[PDB]
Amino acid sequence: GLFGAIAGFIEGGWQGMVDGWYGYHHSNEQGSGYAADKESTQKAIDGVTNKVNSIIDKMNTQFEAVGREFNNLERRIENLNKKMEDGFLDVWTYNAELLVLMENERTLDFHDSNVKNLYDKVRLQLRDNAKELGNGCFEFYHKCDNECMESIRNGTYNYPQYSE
């Protein structure tokens, strides 16, 4: 957790959410449920799809390898051939493996970022009108039905709703 959201202040994940990577869980008068954030989830999808195809596409002209034979008195250039082909093989193997190691990390922390920023997107809406529990949950001081919830989950929460 480079951004402290996933496996950070949030204790784990929701098996129940099956429609996206990040979302909300609500509990009101009319009932409780889950709802994935189509925005951040879609942007994430384009993020990893584009990353994947970028990594694949960047490495399509690697090094091909054709067989060449040499006699008993061409041992030096046979050695040169062998060492150069193994050489390229090694630099490209290193490139692939290394790139995987880097972009895996950047990807996980990208998810972390998405969750944190989602949480903040809400926190900045429900200012005084709710309290921060500390586990990624907000406790309301007012009463929010499925319409106040829907209006939150699209950015249009109307703070004008008093306090105390």
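Throughout, we count residues from 1 along the sequence that is shown.
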Check your understanding: Comparing 31-39 with 123-131, which stretch shows the greater average C-alpha B-factor in the deposited entry?
Key -> 31-39
**Study point:** Mean C-alpha B-factor comparison - 48-56 and 62-70, higher one
**Key:** 48-56
**Study point:** Most elevated Cα B-factor in the entry, residues 24, 21, 14, 140
**Key:** 21
Point to revise | Third of chain Cα B-factors occupied by residue 97 | key: lowest
